[PDB]
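**Q** Okay, here's the structure, questions in a sec.
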Amino acid sequence: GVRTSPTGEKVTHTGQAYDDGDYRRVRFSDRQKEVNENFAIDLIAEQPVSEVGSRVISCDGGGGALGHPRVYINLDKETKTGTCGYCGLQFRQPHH
Amino acid sequence: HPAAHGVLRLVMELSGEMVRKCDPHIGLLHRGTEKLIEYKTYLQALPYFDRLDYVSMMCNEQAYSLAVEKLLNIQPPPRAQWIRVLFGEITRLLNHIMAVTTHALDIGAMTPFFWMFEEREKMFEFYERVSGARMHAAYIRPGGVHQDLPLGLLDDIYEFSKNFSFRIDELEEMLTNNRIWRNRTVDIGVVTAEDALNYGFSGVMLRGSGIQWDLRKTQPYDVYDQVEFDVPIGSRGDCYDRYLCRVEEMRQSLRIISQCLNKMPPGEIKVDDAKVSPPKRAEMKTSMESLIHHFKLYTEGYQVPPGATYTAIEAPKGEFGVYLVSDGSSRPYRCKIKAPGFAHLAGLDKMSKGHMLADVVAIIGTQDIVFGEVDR
Amino acid sequence: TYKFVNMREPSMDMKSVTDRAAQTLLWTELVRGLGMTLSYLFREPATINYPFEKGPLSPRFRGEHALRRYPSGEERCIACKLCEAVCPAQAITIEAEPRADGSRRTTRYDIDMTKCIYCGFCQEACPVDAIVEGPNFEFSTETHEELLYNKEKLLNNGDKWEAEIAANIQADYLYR
Amino acid sequence: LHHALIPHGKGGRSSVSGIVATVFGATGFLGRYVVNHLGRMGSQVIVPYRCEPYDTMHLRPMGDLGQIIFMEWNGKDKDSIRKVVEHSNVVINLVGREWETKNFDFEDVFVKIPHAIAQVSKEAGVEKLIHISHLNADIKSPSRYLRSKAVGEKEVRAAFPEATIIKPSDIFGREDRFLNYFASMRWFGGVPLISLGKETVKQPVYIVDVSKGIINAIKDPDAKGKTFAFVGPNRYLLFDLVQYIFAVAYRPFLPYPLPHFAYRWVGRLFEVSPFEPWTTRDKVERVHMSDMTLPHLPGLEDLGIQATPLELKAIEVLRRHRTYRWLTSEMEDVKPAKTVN
Amino acid sequence: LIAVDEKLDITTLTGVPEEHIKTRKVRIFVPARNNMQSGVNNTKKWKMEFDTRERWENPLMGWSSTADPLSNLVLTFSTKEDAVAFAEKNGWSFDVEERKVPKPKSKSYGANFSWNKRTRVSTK
Amino acid sequence: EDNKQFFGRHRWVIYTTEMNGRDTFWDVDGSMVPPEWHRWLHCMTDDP
Amino acid sequence: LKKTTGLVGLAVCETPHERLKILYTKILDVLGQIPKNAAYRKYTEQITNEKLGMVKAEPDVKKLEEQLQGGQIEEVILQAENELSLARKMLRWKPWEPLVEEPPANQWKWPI
Amino acid sequence: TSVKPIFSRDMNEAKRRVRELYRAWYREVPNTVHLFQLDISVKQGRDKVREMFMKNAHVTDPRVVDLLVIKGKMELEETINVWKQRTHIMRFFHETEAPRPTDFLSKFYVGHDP
Amino acid sequence: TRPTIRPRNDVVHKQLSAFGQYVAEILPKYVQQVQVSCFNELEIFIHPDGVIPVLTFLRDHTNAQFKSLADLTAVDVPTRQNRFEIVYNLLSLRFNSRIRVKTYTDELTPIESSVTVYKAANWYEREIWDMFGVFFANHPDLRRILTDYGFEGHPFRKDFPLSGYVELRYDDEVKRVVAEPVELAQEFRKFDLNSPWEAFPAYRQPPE
Amino acid sequence: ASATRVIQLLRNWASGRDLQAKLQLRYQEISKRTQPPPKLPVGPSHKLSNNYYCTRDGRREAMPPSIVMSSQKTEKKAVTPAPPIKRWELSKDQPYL
Ligand SMILES: NC(=O)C1=CN([C@@H]2O[C@H](COP(=O)(O)OP(=O)(O)OC[C@H]3O[C@@H](n4cnc5c(N)ncnc54)[C@H](OP(=O)(O)O)[C@@H]3O)[C@@H](O)[C@H]2O)C=CC1
Ligand SMILES: CN(C)C(=N)NC(=N)N
Ligand code: SF4
Ligand code: SF4
Ligand SMILES: [Zn+2]
């Protein structure tokens with residue numbers, strides 16, 4: 001999800017964009033600014049929430065030894081979903 | 001200069017073309033390796049040794065690993081030691097190919113250079129297969145080796161070793177009995193045994209002078225006490241004898257390579273001590289102790305007990321030594337690198353007495369100087 | 001044990017003396033060297049037809065760097081700075097902060113490719129397989145600044161080379 | 001000041017000086033010296049070039065990573081001029097040819113281009129404009145070069161009232177025309193001089209002094225809309241000057257008087273070269289013309305520069321013209337020329 | 001064996017610039033214990049470090065630049081006297097901080113259950 | 001592919017005459033191969 | 001008897017026994033000027049009389065080389081010459097005297 | 001406390017060696033200017049030698065003086081043997097460094113330096 | 001079996017201890033201390049002016065034929081009065097052994113040059129001088145070996161900055177390489193790696 | 001290799017060796033670039049019991065060097081650093097080249 005600054009310069013996923021009066025925009029004249037179009041925050045928000053009937057779940061990121069260190073998430077808070085913070089993956093207990 | 005290896009300033013006084021004195025000016029490839037090592041950790045300083053004698057790279061790595069393991073009071077597994085010796089002999093083949101072919105190119109012959117450099121290309125392929133880097137592997141590490149061999153490496157090494165003696169024979173068909181090569185090399189740069197010992201020569205220089213001394217035989221390391229090989233011995237202490245010694249050392253290293261291929265044992269590749277060598281990726285991602293040890297080893301590094309050691313190996317260019325001083329921290333306090341070529345280049349002036357310009361070129365070639373290790 | 005490379009003496013019988021004299025007057029070893037060079041002339045060259053043919057490589061090859069993603073699209077890097085700590089040449093600069101959704105993610109991830117020694121320590125120390133050394137090696141530039149990669153450049157490299165990087169990691173991950 | 005324009009460091013290669021300068025005519029003698037001084041300060045330098053990029057290579061090592069930016073430019077394209085002056089707070093104009101080509105005249109290089117640069121820079125909001133002119137810039141001058149210089153100076157002052165117009169006398173240096181042009185007349189037998197060089201007075205100025213004065217005019221806050229005269233410390237007769245040049249070059253000096261019409265015809269003959277001419281009629285007029293005296297205008301001492309005498313830096317230029325017999329001769333071996341002060 | 005009634009001064013031999021000899025004030029001290037850890041093994045040797053100088057931002061890549069050679073230079077000494085001697089013979093100015101050791105404290109687990117004193121704890 | 005050729009010459013690529021927007025009839029780079037065929041051509045795998 | 005010693009610059013000696021006896025006698029003569037209680041004098045006198053006894057009891061060169069365990073007989077002669085020169089230098093140096101000076105309080109401490 | 005002298009015993013012999021080295025450098029400047037093709041004057045070289053000798057005029061330790069004259073002999077024999085290039089000889093003159101300010105007001109204006 | 005622990009050699013340890021006692025008895029005037037490290041390395045600490053006698057003895061003695069000079073370097077320990085620690089490594093081929101001889105010196109005290117005992121000492125002592133500032137008295141040619149011509153300072157000293165004080169570039173105005181004060185686009189980021197927990201109790205020092 | 005019979009004969013005659021026996025170009029005799037997955041061994045310390053790190057800690061067994069003689073603090077036979085190195089034996093495989 002790329003966004004355009006008021007000076008016509010693309011804004012990166014870190015919010016970086018030179019100011020209007022910043023002289024450092026001269027480096028992009030007759031050239032281009034390297035911006036990655038895919039936003040990890042947007043993609044992980046697009047990812048859904050997995051419902052599992054357990055108080056504690058485990059996430060290793062998928063792939064086993066090719067993922068991240070296996071961690072355990074406690075799904076007791078019913079006001080929010082438990083997020084594995086290695087891969088930003090949300091898990092939840094079945095309500096209703 | 002084509003014959004100066006790139007970073008040597010040889011200030012020479014010549015009466016006509018006869019050499020009156022040689023004054024080697026070195027330091028044009030001095031980088032401050034030892035100071036940088038002081039600023040690095042033990043794992044971060046390994047590529048420095050990888051880049052010291054950049055023709056015997058796994059040999060430098062093995063010497064550094066032996067020093068660090070001696071300080072740590074640990075022991076590599078037998079499979080790691082066998083892989084170390086196998087790749088040390090492969091590196092010796094690489095180094096001797098480079099030395100002999102560059103010597104012959106400085107004399108005037110280039111066809112053996114091209115042939116044996118194709119062979120060097122195949123050995124570079126072996127290096128890249130094990131490590132991912134063609135020459136600067138950083139593969140041999142204190143505690144063992146970084147990774148295990150792929151599942152075809154031994155067979156490909158066997159094929160290479162099977163087809164290499166013919167290449168050595170072809171190299172000898174152009175040089176050994178050629179009268180021009182004999183005129184260029186015979187009775188050039190003659191050094192007596194006592195002078196070699198006093199000046200501090202090591203390896204092929206001593207053996208050409210006739211000294212029966214080899215570190216792999218007298219002070220064995222890794223599994224060099226389990227392999228059989230012969231040590232070439234010179235008679236006249238000249239360039240021709242040293243060249244013959246290097247060729248025969250290539251053949252004996254082929255012997256050792258065959259023995260290592262047959263005697264490669266099973267087991268792990270590094271000391272089973274997660275406070276020195278990192279755990280496996282699966283253990284790190286499933287075990288809390290393994291994750292903690294991975295974190296600490298790759299951020300701070302393992303502590304080494306205080307003490308100073310001097311460990312030397314028979315690198316392809318002579319005795320390569322490390323004087324390592326540890327103050328108990330995770331970074332070395334001092335690391336002095338004894339390069340074999342330093343003493344040889346110091347002795348260049350004496351060996352060139354009463355000779356000419358081409359003779360001095362031949363003497364440089366037979367000394368086989370790497371200024372990376374000379375200057376550090 | 002030891003052996004003598006050159007300690008043999010020639011026999012002084014008339015036949016051997018005449019053979020040596022014929023070798024001296026008729027340049028026999030020189031003709032032999034000529035024959036060896038002629039044989040190599042009539043052999044097949046070992047030259048590959050670059051750039052249409054490439055030299056062999058292995059899954060372990062260390063080339064251009066890349067920052068990887070999870071299959072969901074989330075970045076693998078968690079700003080843990082293990083690669084920065086373990087980098088021998090100090091080629092990596094990392095700055096991070098909590099993201100909008102609270103994730104531990106980097107804001108600056110620079111690698112100076114003119115300072116890097118391509119030693120592979122960063123991908124060994126990474127616990128999430130985020131930073132990798134890809135298979136690419138033909139990325140020479142015309143200006144020095146183009147080799148000072150930043151986070152956007154590394155993410156573009158990862159997106160560009162993800163398939164081959166994933167295949168190589170699958171091939172070689174059981175040895176690690 | 002913008003937060004990125006505040007000077008930082010110790011005035012070194014890796015420091016920040018707050019100067020963002022677009023240097024037109026940077027692919028030349030004074031251009032290379034000015035760019036070197038700016039990069040040495042640690043400034044941002046933009047180099048508009050119309051030549052082959054191979055001819056801009058000597059400017060690459062003059063600055064740190066990213067501090068030198070090369071962009072194409074036409075001179076007839078105000079779009080390109082704006083593109084290169086958009087992000088710079090200083091614009092320096094050193095564009096000029098000593099001869100005339102098919103596409104650019106003395107009017108084009110000294111009137112149209114400087115006026116376009118000044119007008120475009122005013123719209124873009126450039127804070128400072130430095131414009132290089134000639135000391136003998138007279139509207140009624142015999143030289144079209146100097147007439148165009150005067151007209152362009154007036155046009156630049158009209159377009160950018162806050163400009164700094166610098167008028168060097170005759171820049172001498174390693175890559176100069178002056179000392180090389182005088183020392184290259186060995187090939188054509190003797191040295192032709194109009195009135196034997198007895199009616200011409202010249203005070204050349206050192207290239208490093210000119211570049212330092214250009215740099216200090218940027219840093220000085222009370223030089224915004226001014227005019228400076230950059231001249232050397234000593235004034236020489238043309239005969240004495242050429243005699244000293246040949247003495248330092250260790251070449252035999254054989255002067256002879258050539259009448260003005262004959263010298264003009266000779267210059268006309270040499271200007272038919274499609275390549276860089278060896279001499280031209282305007283060049284002959286400028287060489288014969290005596291340097292003006294303008295005591296009211298400020299100068300190097302007012303900008304903080306002590307002008308370097310020719311007797312200290314002549315051997316840098318003229319040692320190249322010596323033979324092997326005289327290559328190693330020292331600087332003190334030649335008596336200084338007779339001055340007219 | 002000659003006798004010299006002079007103080008040791010090797011500033012002319014060390015090769016350090018006059019600016020970094022005269023305008024430098026080192027700090028001789030024992031580092032304070034890191035409050036995030038309970039270990040005290042980093043508070044045993046004296047350290048000598050220089051005064052902080054300017055650090056600015058690189059226009060390209062935004063890195064942290066410096067112009068001070070002695071920014072990263074820290075020396076380790078076994079004794080305050082040794083550190084002072086080194087600073088004096090090298091000619092830098094120095095500021096000495098006396099070592100701070102924790103004062104002895106009287107601890108008792110039985111005080112957590114006092115009959116009449118406030119040391120009794122409300123939780124364990 | 002020609003497995004009868006010696007190793008290094010047994011696989012090769014004939015580049016296209018136009019990639020993206022650049023005319024590559026003569027100007028052919030080694031970087032014009034996509035990563036999958038790059039892996040196959042550099043022999044990190046036996047499977048195309 | 002043998003063609004070469006195998007070492008460059010080391011010539012063959014036709015009279016090894018007499019040369020060794022001469023060198024050992026000279027070494028013992030030099031050691032008589034060293035103080036009786038010197039630790040250097042006792043050890044080298046012991047080893048010299050041990051090696052001088054072997055050369056006076058074995059007339060065969062090969063068996064003498066086997067018994068001395070000092071390499072070849074030419075190497076033994078060279079080592080005897082080196083020992084004689086060292087004995088003369090130590091006579092000049094007089095290193096049996098008490099220690100010149102103890103080091104500072106903390107000079108060999110490590111780690112520090 | 002008695003210490004091992006490098007040379008010169010007391011200060012007088014150290015001064016004598018300083019004078020000898022100064023003569024050696026003074027008689028070498030014309031040769032240095034001739035061989036290196038320096039654009040400086042012989043007077044400039046002699047003045048630079050005098051200046052480099054004068055910045056160590058405050059030394060009162062004979063051993064430090066002996067080490068200084070040893071290093072001076074080293075850098076003189078580098079100049080005589082043309083081991084040095086014109087690069088180093090002109091590095092002695094700092095011809096490219098900008099003049100550092102020395103007054104409080106200018107130092108305050110430029111930056112944070114003491 | 002203990003596969004992860006280095007085996008020890010009591011025979012070699014005892015032999016090295018006996019030979020250390022031997023040399024200490026033979027040379028009481030210079031030998032200050034004798035140590036044998038637990039990985040079987042003999043180390044001898046001597047008075048700085050005993051270098052020539054001790055090295056000549058260890059080279060020429062029949063029972064100590066250390067005919068080869070493996071290495072020669074120095075170690076800088078600023079906390080000591082004599083900061084520089086000269087180290088000699090000798091190899092005896094006849095007895096297949098190695099020995100280490102250590103002496104001490106400071107900035108203003110010369111050390112006798114051992115070029116008359118070993119010829120490698122020439123370049124080894126040249127390097128020691130160039131990198132630490134130690135002067136060797138009777139040296140045939142003592143000068144810089146590794147540093148640039150006219151380089152000021154001895155870089156291997158602990159008090160010498162890692163990047164030095166000057167850096168080189170080509171200046172187009174003067175048409176030559178110039179040396180200017182060091183200025184880094186990115187400063188070397190110093191890391192504090194030591195853990196505040198003691199690793200080896202065997203090396204713990206008294207509180208004093 | 002792919003070559004004519006006559007050219008092979010000329011090459012063998014010129015060099016004096018049967019080159020086809022020892023070729024320097026690789027023709028399908030090398031290992032396949034794709035290999036089956038491995039399963040590497042674990043090691044000696046992967047036990048679940050009787051495996052304490054205090055009994056297998058190499059770094060903690062290191063000791064400061066033993067002070068054999070310190071100045072600060074019968075007829076003994078002279079000793080050597082080690083027994084003299086034994087004379088090497090000539091190679092039975094190929095004593096001379
Ligand atoms: N040099 C002297 O003796 C004196 C010079 N001056 C003035 O100082 C200024 C600088 O002089 P100097 O360095 O010696 O001159 P140069 O001839 O050496 O350099 C001229 C510069 O301007 C560029 N340029 C010239 N004509 C054009 C054009 N039509 N379009 C675009 N770019 C052009 C050139 O680029 P390119 O290479 O691409 O053509 C070059 O970068 C000039 O204005 C000159 O009149 C004043 C007094 C004395
Ligand atoms: C780098 N090495 C080892 C060389 N022999 N180099 C050379 N240019 N000959
Ligand atoms: S490969 Fe090595 S040098 Fe390069 S960034 Fe990774 S850790 Fe640093
Ligand atoms: S090691 Fe991996 S997760 Fe940690 S900072 Fe580096 S790239 Fe990110
Ligand atoms: Zn997860």
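Identifiers for the structure tokens are assigned positionally: chains receive A, B, ... in sequence, residues are indexed from 1 per chain, and ligands are indexed from 1 in the order shown.
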Residues within 7 Å of ligand 3 (only C-alpha atoms and all ligand atoms), as a ChimeraX atom specification?

**A** /C:83,86-92,111,116-123

**Q** Write out the residues from the selection above, keeping N, CA, C and O atoms, as a CSV table (one decimal), in the first residue's frame.

**A**
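The result, written out as out-v8.csv:
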chain,number,residue,atom,x,y,z
C,83,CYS,N,22.5,-10.4,13.6
C,83,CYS,CA,23.3,-10.3,12.5
C,83,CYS,C,24.2,-9.0,12.6
C,83,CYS,O,25.4,-9.1,12.2
C,86,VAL,N,27.0,-9.9,15.0
C,86,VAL,CA,27.9,-10.9,14.6
C,86,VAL,C,28.6,-10.5,13.3
C,86,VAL,O,29.6,-11.2,12.9
C,87,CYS,N,28.2,-9.4,12.7
C,87,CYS,CA,28.9,-9.0,11.4
C,87,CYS,C,30.3,-8.7,11.6
C,87,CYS,O,30.6,-7.8,12.5
C,88,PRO,N,31.3,-9.4,11.0
C,88,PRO,CA,32.7,-9.0,11.2
C,88,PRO,C,33.1,-7.6,10.7
C,88,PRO,O,33.8,-6.9,11.5
C,89,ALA,N,32.6,-7.2,9.6
C,89,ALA,CA,33.0,-6.0,9.0
C,89,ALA,C,32.1,-4.8,9.4
C,89,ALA,O,32.3,-3.7,8.9
C,90,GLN,N,31.2,-5.0,10.3
C,90,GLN,CA,30.2,-4.0,10.7
C,90,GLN,C,29.5,-3.4,9.6
C,90,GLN,O,29.3,-2.2,9.5
C,91,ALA,N,29.1,-4.2,8.6
C,91,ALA,CA,28.4,-3.8,7.4
C,91,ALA,C,26.9,-3.5,7.6
C,91,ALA,O,26.3,-2.9,6.7
C,92,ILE,N,26.3,-3.9,8.7
C,92,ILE,CA,24.9,-3.8,8.9
C,92,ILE,C,24.6,-2.7,9.9
C,92,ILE,O,25.2,-2.7,11.0
C,111,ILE,N,22.8,-2.5,4.6
C,111,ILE,CA,24.0,-3.3,4.5
C,111,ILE,C,24.9,-2.5,3.5
C,111,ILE,O,24.5,-2.3,2.3
C,116,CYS,N,30.9,-5.2,3.3
C,116,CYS,CA,30.6,-6.6,3.6
C,116,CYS,C,31.7,-7.5,3.0
C,116,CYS,O,32.2,-7.2,1.9
C,117,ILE,N,32.0,-8.6,3.7
C,117,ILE,CA,33.0,-9.6,3.2
C,117,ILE,C,32.4,-10.9,2.8
C,117,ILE,O,33.1,-11.8,2.5
C,118,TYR,N,31.0,-10.9,2.7
C,118,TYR,CA,30.3,-12.0,2.2
C,118,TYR,C,30.6,-13.3,2.9
C,118,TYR,O,30.9,-14.4,2.2
C,119,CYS,N,30.7,-13.3,4.2
C,119,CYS,CA,31.1,-14.4,5.0
C,119,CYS,C,30.0,-15.3,5.5
C,119,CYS,O,30.2,-16.4,6.0
C,120,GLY,N,28.7,-14.8,5.3
C,120,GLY,CA,27.6,-15.7,5.6
C,120,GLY,C,27.3,-15.7,7.1
C,120,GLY,O,26.4,-16.6,7.5
C,121,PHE,N,27.9,-14.9,8.0
C,121,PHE,CA,27.6,-15.0,9.4
C,121,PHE,C,26.2,-14.5,9.7
C,121,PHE,O,25.6,-14.9,10.7
C,122,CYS,N,25.7,-13.5,9.0
C,122,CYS,CA,24.4,-12.9,9.3
C,122,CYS,C,23.3,-13.9,9.1
C,122,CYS,O,22.4,-13.9,9.9
C,123,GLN,N,23.4,-14.7,8.1
C,123,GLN,CA,22.3,-15.7,7.9
C,123,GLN,C,22.5,-16.9,8.8
C,123,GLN,O,21.5,-17.7,9.0

**Q** Find the residues near residue 99 in chain I: any atom within 12 Å, counting only C-alpha atoms, skip ones fewer than 3 places away on the same chain, and give them as a count of residues only.

**A** 42

**Q** Show me which residues line ligand 5, defined as having an atom within 6 Å of a ligand atom where only C-alpha atoms and all ligand atoms count, and present them as a PDB file with N, CA and C atoms, in the first residue's frame.

**A**
ATOM      1  N   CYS A  59       2.776 -21.602  18.013  1.00  0.00           N
ATOM      2  CA  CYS A  59       3.098 -21.131  16.674  1.00  0.00           C
ATOM      3  C   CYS A  59       4.591 -21.280  16.435  1.00  0.00           C
ATOM      4  N   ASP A  60       4.945 -21.873  15.295  1.00  0.00           N
ATOM      5  CA  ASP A  60       6.322 -21.914  14.822  1.00  0.00           C
ATOM      6  C   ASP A  60       6.470 -21.270  13.451  1.00  0.00           C
ATOM      7  N   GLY A  61       5.440 -20.574  12.971  1.00  0.00           N
ATOM      8  CA  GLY A  61       5.504 -19.847  11.724  1.00  0.00           C
ATOM      9  C   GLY A  61       5.274 -20.671  10.479  1.00  0.00           C
ATOM     10  N   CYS A  84       0.934 -14.245  17.933  1.00  0.00           N
ATOM     11  CA  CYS A  84       2.331 -14.642  17.843  1.00  0.00           C
ATOM     12  C   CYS A  84       3.102 -13.496  17.216  1.00  0.00           C
ATOM     13  N   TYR A  86       6.371 -13.264  16.593  1.00  0.00           N
ATOM     14  CA  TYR A  86       7.404 -13.580  15.616  1.00  0.00           C
ATOM     15  C   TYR A  86       6.888 -13.373  14.201  1.00  0.00           C
ATOM     16  N   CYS A  87       5.679 -13.858  13.923  1.00  0.00           N
ATOM     17  CA  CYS A  87       5.094 -13.783  12.595  1.00  0.00           C
ATOM     18  C   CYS A  87       3.809 -12.971  12.554  1.00  0.00           C
ATOM     19  N   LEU A  89       0.818 -13.522  13.860  1.00  0.00           N
ATOM     20  CA  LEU A  89      -0.327 -14.365  13.524  1.00  0.00           C
ATOM     21  C   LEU A  89      -1.309 -14.425  14.685  1.00  0.00           C
TER      22      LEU A  89
END

**Q** Please extract the residues at most 6 Å from ligand 1, counting only C-alpha atoms and all ligand atoms, and provide them as a PyMOL selection string, using the chain letters and residue numbers of this document.

**A** chain D and resi 25-31+49-51+75+94-97+104+109+132-134+168-171

**Q** Could you state the separation of CA of residue 147 in chain I and CA of residue 27 in chain B in Å, given to one decimal place?

**A** 6.1 Å

**Q** Counting only C-alpha atoms and all ligand atoms, which protein, DNA or RNA residues come within 7 Å of ligand 4, given as a list in words?

**A**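 Residues satisfying the distance criterion: residues 76, 77, 78, 79, 80, 81, 82, 83, 84, 122, 123, 125, 126, 127, 128, 129, 130 and 131 of chain C.
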
**Q** Store the residues picked out above, limited to C-alpha atoms, as a compact mmCIF listing (two decimals), in the first residue's frame.

**A**
# COMPACT_ATOMS: atom_id res chain seq x y z
CA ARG C 76 10.62 -12.38 8.98
CA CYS C 77 13.06 -9.92 10.58
CA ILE C 78 12.27 -9.08 14.20
CA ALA C 79 14.91 -6.37 14.76
CA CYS C 80 16.91 -8.64 17.06
CA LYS C 81 20.28 -7.30 15.78
CA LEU C 82 22.02 -10.68 16.02
CA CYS C 83 23.32 -10.26 12.47
CA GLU C 84 24.49 -6.74 13.31
CA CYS C 122 24.44 -12.91 9.28
CA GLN C 123 22.32 -15.73 7.86
CA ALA C 125 22.90 -15.98 13.34
CA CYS C 126 19.38 -15.18 12.11
CA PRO C 127 16.84 -17.19 14.16
CA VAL C 128 13.94 -16.61 11.73
CA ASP C 129 15.72 -17.01 8.37
CA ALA C 130 15.10 -13.35 7.56
CA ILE C 131 18.46 -12.20 6.19

**Q** Which chain C residues are at most 9 Å from chain J (counting only C-alpha atoms), as a ChimeraX atom specification?

**A** /C:1-8,32-46,58,171-172,174-175

**Q** Write out, as a compact mmCIF listing (two decimals), in the first residue's frame, the residues just selected, with C-alpha atoms.

**A**
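Below is the file again-v9.txt, written as the result:
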# COMPACT_ATOMS: atom_id res chain seq x y z
CA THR C 1 59.70 -41.55 6.41
CA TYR C 2 61.44 -39.50 3.73
CA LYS C 3 62.62 -39.74 0.13
CA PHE C 4 65.30 -38.07 -1.99
CA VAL C 5 63.96 -35.98 -4.86
CA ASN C 6 67.34 -35.84 -6.63
CA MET C 7 70.20 -38.08 -5.52
CA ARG C 8 70.68 -40.45 -8.49
CA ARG C 32 59.12 -34.29 -26.02
CA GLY C 33 57.88 -30.97 -24.62
CA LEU C 34 56.81 -29.96 -28.12
CA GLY C 35 54.84 -33.20 -28.39
CA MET C 36 53.10 -32.54 -25.08
CA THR C 37 52.06 -29.07 -26.22
CA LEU C 38 50.84 -30.51 -29.54
CA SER C 39 48.74 -33.06 -27.67
CA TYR C 40 47.18 -30.26 -25.63
CA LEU C 41 46.57 -28.38 -28.89
CA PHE C 42 44.61 -31.33 -30.25
CA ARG C 43 42.67 -31.78 -27.00
CA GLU C 44 39.29 -30.11 -26.37
CA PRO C 45 39.32 -26.74 -24.56
CA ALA C 46 37.77 -26.38 -21.11
CA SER C 58 25.74 -25.02 -5.05
CA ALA C 171 17.75 -28.13 -0.38
CA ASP C 172 20.39 -27.23 2.22
CA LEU C 174 18.97 -30.23 6.81
CA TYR C 175 22.75 -29.68 7.01
